[PDB]
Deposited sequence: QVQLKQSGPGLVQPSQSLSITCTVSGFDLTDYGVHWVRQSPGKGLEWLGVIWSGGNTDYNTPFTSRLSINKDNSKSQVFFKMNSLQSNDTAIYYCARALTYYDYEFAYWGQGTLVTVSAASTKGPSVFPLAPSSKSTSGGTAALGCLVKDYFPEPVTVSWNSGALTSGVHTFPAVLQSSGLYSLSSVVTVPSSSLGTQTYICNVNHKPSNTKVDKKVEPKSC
């Protein structure tokens, strides 16, 4: 199966460079070009450039003097580097592969790398419980507070609990830090038997926290 897996999200300081690795599998880099496309918050897609099968590159006109794409065929890796980032380079960056070696119909995409351009510090979240209290259903959750930059991932019970989960969009607080809640509804009678753990991962700060949530005594 064709897959493209990108390096993690993080913060780049203004005027500094962005580096992303796209590691491919299920095909050889000597047989297909790998393209790069970004998406600015709430916007459409912008094609940035490509490294072709044989190592040639093309860069879209706005990026010719600040983008370089290289690869290592033996390691199935493609390296995207862009210099001199400003605020408006904040975006999700994707690598992509076309259906055919020479074409641009992007059938396979990386998961994206959210790059935030800001002068601020990376900060990991605190995780607090939203405890269930007394139609047979209880709601519980986790408050993931005071982190920067986006994103954070939240799962429940190591990915085993997905039904009824709502993970909200983060809000930017007046401190300049994000906060997010993730909630789940479960049968009230499960609260004594089943454990509920929210698994929080803030990759930009390498912060992973598992928080148990239960009724308060």
Got a list of the deposited-sequence ranges with no coordinates? 135-138, 222
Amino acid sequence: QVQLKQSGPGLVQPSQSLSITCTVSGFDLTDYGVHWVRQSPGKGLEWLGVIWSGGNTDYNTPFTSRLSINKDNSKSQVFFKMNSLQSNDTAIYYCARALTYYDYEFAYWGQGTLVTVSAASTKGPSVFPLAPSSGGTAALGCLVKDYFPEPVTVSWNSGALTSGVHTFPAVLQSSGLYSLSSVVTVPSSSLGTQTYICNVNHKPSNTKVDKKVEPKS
From here on, numbers count along this sequence of modelled residues.
Of 70-78 and 98-106, which one has the bigger average CA B-factor? 70-78
If you average the CA temperature factors as listed in the entry, which stretch comes out higher, 37-45 or 52-60? 37-45
Highest-ranked of 116, 113, 126, 84 once sorted by CA temperature factor in the record: 84
Top residue by Cα temperature factor, when 120, 91, 140, 144 are compared in the entry: 120
Please rank the C-alpha B-factors of the chain's modelled residues and tell me whether residue 149 sits in the lowest, middle or highest third. lowest
Rank-wise, by C-alpha B-factor, drop residue 165 into the lowest, middle or highest third of its chain. lowest
Comparing residue 2 with the other modelled residues of its chain, is its CA B-factor in the lowest, middle or highest third? highest
Compare the C-alpha B factor of residue 199 with those of the other modelled residues in its chain, then answer lowest, middle or highest third. lowest
Relative to the other modelled residues of the same chain, rank the CA B-factor of residue 11 and answer lowest, middle or highest third. highest
